[PDB]
Every structure is written in structure tokens, then in C-alpha cells.
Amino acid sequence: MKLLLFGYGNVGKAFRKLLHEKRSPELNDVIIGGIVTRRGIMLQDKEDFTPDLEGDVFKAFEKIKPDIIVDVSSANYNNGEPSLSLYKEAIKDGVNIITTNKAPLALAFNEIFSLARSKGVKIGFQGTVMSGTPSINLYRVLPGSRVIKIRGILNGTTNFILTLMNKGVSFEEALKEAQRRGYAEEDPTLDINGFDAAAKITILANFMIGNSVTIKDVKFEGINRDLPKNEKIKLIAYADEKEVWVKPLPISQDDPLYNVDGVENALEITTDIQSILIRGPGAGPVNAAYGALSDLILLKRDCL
């Protein structure tokens, strides 16, 4: 089982590590044919990235001919590239996709999944929502339930920030602390302007409801310190059959989301049978990589 690993920051390295910890027998035949980053292509499975050749992901894909692409690269919300056209071409080749990269599914879910459905190709995408906390994969074990509405906290960075702000730390200081900790990048736009949460609710509305939505259809706002006096604020993502949105709201103590704090995330799934809530870490590179690994083993069991 040959993997092409696209991306190698912290999530990529954590993925490589988990895989080599032999946590499952389904993973005995798994090889890393290559790893591709901004700095080139490494045709070897080593802990540190040293490129062997110049080139992008398309060149790597053509040279390696993997069985699976593991996509842990950064979300590009402008157009989803190069991941979007990379997924389309791989699926046509009967190449499976495992992704934590939100952008292509947030932009072109129906385009991706129809084509995957037509070619019998499997897409792991647990890592796109709530990292290693089953969200996509939770729904997989709820077959035949019809989802009515979803509601949750879907962004680790802004939750950690709004948690600190509830404790008397300023927006600015909670920002710098999220960055020192790695949860937020030097440019935290996607988190703080709410793109990330909006991407996630888009994916969930697509997969769980069956709404044919893109991130364009989502009315969203991020965080900024013009927020309510004496409230615990949460960046709430919502979707049903009719609407999908993300906004920071005052949370009351009776809400099952009130105490979902720090990098913790939660999802409330209301179905025709029941209303369930799941909670766990929303960020952390080990967590995100574990989402991808969960998909990998599931793919190996033919359970995607």
C-alpha cells in the first residue's frame, strides 16, 4: 500500500510517526513512496524532509503512482488548488484520497464525491472536522439516520481565544498565546475571520444533511473584541436543510456547549431517531494526524 504524502509540517510528521508505531496490523504493508512540500519532493520515508528533486505535487503523483494520497497540506480557499484538480485526477486513476485539507471539499464537495462515487473510489476526510474526534466517522456509524440539524464549536484556535477572554485575558494576549502554542499561524486570518469553521460546517452540511452547498453559501463572521458584556462567547456553527451559518454568540449555562473550552470542539447532531453530542480536541497535530490514520485503517478494512 503506497502513500503519497502531500504536506509535511507538524501534522505530516505526526502522521509518519503514528504509522511507524504499528498501532494496527492493517498497516504492515504500508509504504511512503514520497512526501511533497513547498521545498520539493522526497522519494524516501525519513523523519526529516530533505528534497531529492525539484517539483510540485503533480510531478510527484505522476512519478510515484501511489495507491493513496494523504493530503495534509494548508487550505487554499481562493480556489482549492492544487489539491482540487489533484483529487479529480487521482479518483479517475482509482487512487484513494485521505485528507485533512478542508478547501476542496468546502468548494467542490458534490463535484468530488459524485466522481468518486462513479469510480468506486474512497475518500477519507475525518481530519477535516474536529481532527481526531469522530465527526465524519461518527456519521458512518449512524447509517439510516436522517440528519435534521447540526450545531457546534468547530475551531480550536478561536475557542482557546474566547476561553481565555472569558478569564480576563485580552483578545491580543490570547492571540499571541495561541500562536506561541502553535494553534494559530503568524497570520491567523482563517481561524479569526471564521473561514475554517465555515469550511467545516460546509463539509458537514454536504455529508450529513445532503445540502449541495459551497463555502460561498455560508453567512459567516469571525471573532473581534466588540463582543457582549459579561457573557461566555462561542463561535457557533449551524446548519439545517434551509440555512448554514457561523457567528460568535452568547452561551447560557444550560447549553451543552457552555463548558466546551480551550482547544476542545463539540458537535450536536440532531437526527430523526435522536439528538447526540460529541466532544474532543479540535486542534493539535497528533490529533489531526490521528484522524487521517483512522481513515487509513478504515480504508484498509474497506469501511469507508
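Numbering starts at 1 and runs along the sequence shown.
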query	finding
Stretch with the higher entry mean CA B-factor, where the candidates are 106-114 and 226-234	226-234
Residue range whose averaged C-alpha B-factor is higher in the record, 61-69 or 247-255	247-255
Given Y77, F171, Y139, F125, the residue at which the Cα B factor reaches its maximum	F171
Out of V147, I201, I97, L175, highest CA B-factor residue	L175
Chain-relative CA temperature factor third for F160	middle
Among modelled residues of the same chain, the CA temperature factor third for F220	highest
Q44 - which third its CA temperature factor falls in, relative to the rest of the chain	lowest
Chain third (lowest, middle, highest) by recorded CA B-factor, residue given as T214	middle
Where the record places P285 (Cα B-factor, split into thirds across the chain)	highest
